[PDB]
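Beneath this line is the structure, given in structure tokens, with notes to follow.
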Amino acid sequence: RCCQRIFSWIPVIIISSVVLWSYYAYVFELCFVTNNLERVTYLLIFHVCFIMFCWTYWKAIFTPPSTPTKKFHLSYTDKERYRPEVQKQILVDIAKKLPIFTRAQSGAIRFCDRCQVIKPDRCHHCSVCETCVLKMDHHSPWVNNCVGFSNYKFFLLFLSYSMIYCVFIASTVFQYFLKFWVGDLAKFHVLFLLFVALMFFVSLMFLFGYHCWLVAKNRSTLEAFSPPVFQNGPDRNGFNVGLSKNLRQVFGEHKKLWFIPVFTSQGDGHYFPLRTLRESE
Ligand SMILES: CCCCCCCC/C=C\CCCCCCCC(=O)O[C@@H](COC(=O)CCCCCCCCCCCCCCC)COP(=O)([O-])OCC[N+](C)(C)C
Ligand SMILES: CCCCCCCCCCCCCCCC(=O)O
Ligand SMILES: [Zn+2]
Ligand SMILES: [Zn+2]
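Per the authors' numbering, the sequence shown runs over residues 1 to 34, 37 to 84, 86 to 188, 193 to 288.
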């Protein structure tokens, strides 16, 4: 409904409000209060931090999920959608020609009734986005969007620049209140700002770190909480092909584009290199 669609944006409104208020706070008040050359230097650094935050946040929010291609879709009519075991055999015969090595716990082919999709490996259905999403990490209320194959790099860059911004604001307010305490000048209310920054920082520390873990090992959140099932059973490392190539699968080979939110991730969204094949030519 209209109500629901409005309510889905409130986390984004909250983060955007906190960020804009921190901008207004630092730029005028705090930057003025703490040499002209120094002030301009720090104002331009702060502005670069701000622009990278908004850049990465925007592309995290507004990059739609990647979706399985036609080859993975069943083009059935409403009539044909009907006996379950014949469907099982049909899906098996189709999967004979698809690069799908993961199965359900029962061993069945993973299939989405809503999208009519033979799910690729690492693809999962999001009921919020209401679509199958390739290498879906998780649906994020905070970016009002799925985080997966298409935007994961933008998400991690957004966490990083969020952290840098938090450190900038926190350190600035600390210096302001120290200089007040040493009588070299207060705006007591901006103390709250510090308490906010700190909080977010520490939160990001747990989040960033966690994702570091995931990215180091080529593991999605869903996979971390439910290991994928292969022909020989569950395997927590089925897609782990080494730290370097795990990192480059997300950030690409070109160092210049690592820290900017332009799409640079490797592979199609469907087949992902098996750890078990990592030394096969
Ligand atoms: C671009 C980023 C990449 C950079 C390189 C990354 C280097 C490598 C990074 C990390 C490798 C370090 C591995 C630590 C494992 C310790 C042992 C341990 O706890 O075992 C436990 C798992 O362990 C965890 O659950 C870890 C949780 C992560 C918390 C945040 C710390 C991240 C480290 C921050 C690093 C920041 C480095 C600085 C980054 C600039 C137990 O295992 P289990 O029983 O199988 O768990 C089942 C849980 N289940 C129930 C949910 C299924
Ligand atoms: C007052 C200083 C700045 C405070 C605001 C800084 C920006 C913090 C934004 C953190 C958002 C984290 C979103 C996590 C999403 C997820 O894990 O699904
Ligand atoms: Zn689906
Ligand atoms: Zn979603």
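Positions of the beta carbon are idealized from the N, C-alpha and C atoms, including for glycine.
For ligand 1, is there a heavy atom less than 7 Å away from the beta-carbon of residue i?
i	result
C135	no
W60	no
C219	yes
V236	no
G216	yes
Residue i to residue j, Cα distance in whole Å?
i	j	result
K61	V269	9 Å
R113	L205	43 Å
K99	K122	14 Å
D187	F208	28 Å
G216	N225	14 Å
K252	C3	44 Å
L229	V89	30 Å
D80	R117	12 Å
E288	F28	60 Å
Under 7 Å from any heavy atom of ligand 3, does the C-beta of residue i make it?
i	result
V146	no
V176	no
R117	yes
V120	yes
Does the distance between the C-beta of residue i and the nearest non-hydrogen atom of ligand 2 fall short of 7 Å?
i	result
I172	yes
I97	no
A204	yes
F64	no
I15	yes
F207	yes
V257	no
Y168	yes
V19	yes
Between which two residues does the beta strand (DSSP E) holding residue i run?
i	result
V131	Segment: none, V131 is in no beta strand (DSSP E) and carries neither H nor E.
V203	That residue, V203, is in no beta strand (DSSP E); its alpha helix (DSSP H) goes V197 to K224.
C149	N148 to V150
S143	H141 to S143
Got a sec, what are the start and stop residues for the alpha helix (DSSP H) residue i sits in?
i	result
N253	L250 to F258
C3	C2 to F7
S17	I10 to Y24
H49	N38 to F64
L94	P87 to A98
Tell me which residues share the same chain as residue i and place their Cβ nearer than 6 Å to its Cβ, disregarding the 5 neighbours each side in the sequence.
i	result
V248	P280, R282 and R285
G276	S68, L137 and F152
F158	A62 and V150
Might you give, ordered along the chain, the residues of its own chain that have their beta carbon closer than 8 Å to the beta carbon of residue i, omitting 5 neighbours on each side?
i	result
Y23	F52
residue 291	For residue 291 there is no data in the structure shown, the boundaries of the chain being 1 and 288.
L211	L162, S165, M166 and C169
Which same chain residues, not among the five before or five after residue i, have their C-beta less than 7 Å away from its C-beta?
i	result
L264	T271
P102	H277 and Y278
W145	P11 and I15
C132	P67, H142 and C149
Query raised in the report: Just the residues with CB closer than 6 Å to a heavy atom of ligand 4, in chain order, which are they?
Result: Going by the Cβ distance cut-off, the answer is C129, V131, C132, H142 and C149.
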